[PDB]
């Protein structure tokens, strides 16, 4: 099974806007380029987020990490047994992604996924944020999370759990209208309360948002002011009912895709219990 | 196997007396109603104790929790293999209990049991006690415990251990007369020393008492005075030989059913050793 | 100023009853005799409590400790400046008390006080309780406390504070009748919330009670049962409003003198604030 | 497999000498009698050591504990599969030992062993030592250890490891003469470095010594002086090479059987490594 | 599988130079001799490094430790199943090495390996360094590590992982020339980030270096000055990218074999993730 | 006032015996020589103990340390005010002692004392013991203590307390005969329970012993065996009543002067209370 989410690649219409957004606002470190993709770092990894020009203005792919070569072969075995098509990344792709091996596939609804192992690290070029942020929480919990929009949650759940090995943490019925709600399913594959959430939202994007977790509450408070100065805030500060992450949301330069910047959630372990919530926030998160 | 005791439902002759008892005396939070049942909270769960009008003046049902949907199906499998009759709760029942799924059955002596998963939580309506209590110890250990009266302890033991997966912690020979004692069996299904105790007591109730655990010794001391002002104390403060819970007992408004309010017991783990005790109290607990 | 209360001497009508009481019930260690006085230990000191035959059935004297020879001379100076009569204990008395020096005086109402330094310790004869008690809290806080009955609290306060250097911690208005209360003044001379309390009670004894503090809550719980078996309990368990000591009271063999056996109070330091309380117990302590 | 050593029974020629030895010298608590056996406690168990009159002047039996009824049946299964004869203790024996069930057998060289579960505890009669000792280290590690004398170490090893489930910790070549040593094998069945050691010593006793572990270094220091006053010291203080227990040895009233009284050893876990030592002491333990 | 690296034996042209090097410079304790081999200690083991005269000027053998006799037989089984030739060490060899049993074999490229259990410890002769070093980090992590030079890394990897049970931690592409690098593979068999690294270096030695880990940073700083006074420094202080060991390198008296003396690395556990690095040092380690 | 004891100088008949004693037995580090004095280290100081040839076979001088130049002038002022003769050490003496300034005087009974400030430290030559000892406890508590023999304790007390600023910790009545004891006075000048003890012993030496404190209990245990192998033990292990130091005594090569090697005492602070003890040992210390 997948151990963690390791990287995200976006294809966007305004690369310079995304560059400024990820560095000056979010605080990531510019890390050069690979082909036509600009690279950004959040820690010791050579890169965590890639941005390339494209009309999609959406997530182009997500990198799903396993711990070793044997693990990758076991994932290939699971894909075969499940009847899910995949192709082994060639040398050129391996060099582009800076990984020792990868399998290329798509989830049931067209999102390209890359399962890999052996990512490149560059401790000789220590991480230096582009904006005031003490650091990000990554490590064994991966880069963060994202909310995957799907037309059929049941179908998506079977794939992510039965094929990829994610596990359901909980469900929140997100109110959409006076008498309409969407049952968002939050999935984990490590200690991070969720790495992927599945939701049947009526937005035309592959994802609703991606999330990064900072080391301190001040990191979040300061980031809010930066994104507010940029005119991008979409929610006030708040704390989630399920993971207890204290965060705020803001627009990325790609319409209808947001970023969530948070701190201090609960983590999960083998004794986790599935529960249901009627609200996304215990407090705050008022839409603006 | 059952992971923890999650809820209790009582059917009583004096609903207002029970309402005052659970709130003003015990300290639970009033949490509205579901049908003809008044609901009470002890933590983030939508409800923990339900009270409905009825001539029983007894425990009407107990909710036994598992961690996920797959776990519930495994319990259904165990019930089938054991020849124990059960029915799947319908949508109406699921909505009434605020759970994602449940199996309805009875123990060998008529106590209705409900095995469920996916309970509702309401962190947006933080718990607020109705009386001075810093909080209750629940979480992975569930709501508390209860002593189940049975006519045949051996038969009850086989069901709770072999079918439901509870495990014997220890036995206390509770003296009843000059030369008569009842071997009470204390069972765990998690870290709580016991969640259910089995005893062949000569009382006409399904249970002898239910127990709630508070966060501090002062919580217990203060609760004693509240219940004493209500004229309900049945024991002085004391500490148990087996779980080392420091508690007192008091009458509920239903004749012959007591409540135990305690603090600071030992917890169990895989290295627990079965032992036998000749007394229920290491000190205190004098009957009054 | 006085550093701590170090010893107590009682003159009683039933020495054997007191012997059994202090050892089998309270848990002190029998430590031989000095003249016609039986000696009892609570720690490394050669003795802490002395019991001698006498019709008083009361506290005969209290030993007030200072840290060195120079300190004792300074106390002699304070007594002289205050016009309080005193005599230096002779060699025989010094040997009897096992101290390097002492001043003999009385408080304004006839209670003999002995200010001393250099007490004897016997670490080669380690303390062994006569009943199950993990140990007592003494050290820099001394042996415990006692409530001194006085006819004139103002006069007593001036002596204990201005002459001996005790400091007021707080006051409790102890209800005596429907519209009658006694303002008990609690005084400290170290970290122990109080070492001496002053109160105008209508009892014919020099003191209302003496108090010993044990290391654990179980120590207290077990002691309660022992004293209850002896038929001596005067209060249920409870916790004080001012020092937060969790204790119970019981009769000593001397009529109208009680013992208090407690655990876990707050301690004081230079930042202590004088306050007033309307009750002696935050919870419990019901009279029996 | 055996979880821990729970009790020892001795048959001796001088019961009063053993009584004084275990209480006044070692510090155990006298705990009445069961038949012609005097009982002694070291903790919450109803008894840990039994002494009965007999010409053996040796260990009469050792109680080997398992955690539950199912565990005991599994041990019966292992004995059957191994061809080791055993008899189930009858009701009278169960009542005598204060256990819920037991299997009676002998090791390959005649030492009676009793495998049991469900021992009686008496927390309402808290442990009170007969001599100054803060307490003993028992719990999951059992009462202590003993060195079993055997004529054939290989044969003894196969039985204790293959049948009873003990595991080798290490070996010490104990020098007997100028060019003669005995390879003592130290075996564990829990965190205690060893519960039983096997050695081909030329003494006519079933065991060389039994060992008790106290809570503090002072406990050991004080016990040394007590046993020295009794004229029983056989070694000066010292510390073992293998378990790092700091102890001393002394004669019991039974010729050639010693007691070891120690503190502060290392404990073992799954990552333990078998090693060999050429000396029993890292320092001290000079024979006297 | 192998649990840890326990000992190293060198065959050298200048025994006196090696003796001075290991004692006065590195700080090991001289521990006598066994045959024509001089012995050196780093902890409680009778020996850790052996030096004997020989033209090789290289590592003569490496001792690979397992936890018990059964483990050794399992390793013999693995060797048989893998078709790897081995011989059981005879009594003379066992006595020479001070072990309870061993298997003698070679890795695919001629390095003699000895798999053993039951090493001798001498706690009665406590370790005393020959130079100022607070101590070495050994224990469950073994003596240290070494970099094994191999002509075929793939072949070496299959043997060390598939046969001996080592596990890949990570890979570093060590730059050799302007457009030439060697993929060094770092392998663990316990918490030590690596115990053996495999690299296709163009040096004529079996190993590139061996490494010892000291308790403090000062240990390393002081050792640097000692080796610098001896004219042996080959690198400045630095910290590795993969294990985060802070160290320096120096020449041993055998040409082209170095020693690494370090402190403070990260350790590994079951959740370790394979990664790739482009540099050996996060900082420092400049060649001199 | 004196801050701590910093150094000791001995004049002895057998320098080689003392050299072996201090290094191979006690564990001090040989530190060259200054004139005809051999120097020994216990920590970062250039020297702590000096040994020179002389018929005295006794302590020749003791170095008493203050924190700065101003402090030394204040001590000169106190000596003048007290009428105690002293001479300022000249440049040659300052260079010999490796100090920035010193005052030379004698105590009332002829022991030369040197009050100094600014001692030399040599961190570039880190301490390396000559025998297995993890280290000594020095720092702000100085090198250790010594027992000063005096003919008139009262006179000695006035000088050490009134002139030098030492403070009485406690008194022990050391039994000399059936009805004879000597009141030993233990004095502190920092956290070390005592730095100098005064006693009217009938020995012809300036001191009874000097004491060094090691970091661990094993340090003490190992040192005992070393001194026992040398045939120098004068007491078994034991623990003192007053400072709770766990130690043993041994003869130095100078007749009637002993060394005490200990661990783990209590320390003193401003809240220390003067007490009296009837024994030097709580346990152990039997004379041999």
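Side notes on the structure shown:
In this document, chain identifiers A, B, C, D, E and F correspond to the written order of the chains, with residue numbering beginning at 1 in each.
To be clear about the criterion, a contact is a pair of C-beta atoms (placed from the backbone, for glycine too) under 8 Å apart; a residue touches a chain by one contact, two chains touch by 3 or more.
Here the repeat of B-D among C-D, A-B or B-C is A-B, since over half of its contact pairs match by residue number. Centroids built from CA atoms put subunit E at 67 Å from subunit C. If each chain is reduced to the centroid of its CA atoms, subunit C and subunit F end up 42 Å from each other.
For the pair subunit B and subunit E, the distance between C-alpha centroids works out to 59 Å. Multi-chain contact residues of subunit F (touching two or more other chains): 218, 222, 282-283. Two chains count as a pair here when they touch; such pairs are A-B, A-E, B-C, B-D, C-D, C-F, D-E, D-F, E-F.
Only residues 126-129, 131-132, 218, 222 of subunit F touch subunit E when the two sit together in their complex. Across the interface of their complex, subunit C is touched by residues 217-218, 221-222, 224-225, 228, 236-239, 246, 282-284, 286 of subunit B.
Residues of subunit A touching subunit E in their complex: 3, 65, 67-69, 98, 100, 117-124, 126, 140. The touching residues of subunit E, when paired with subunit A in their complex, are 168, 171, 241, 271-279, 281-283.
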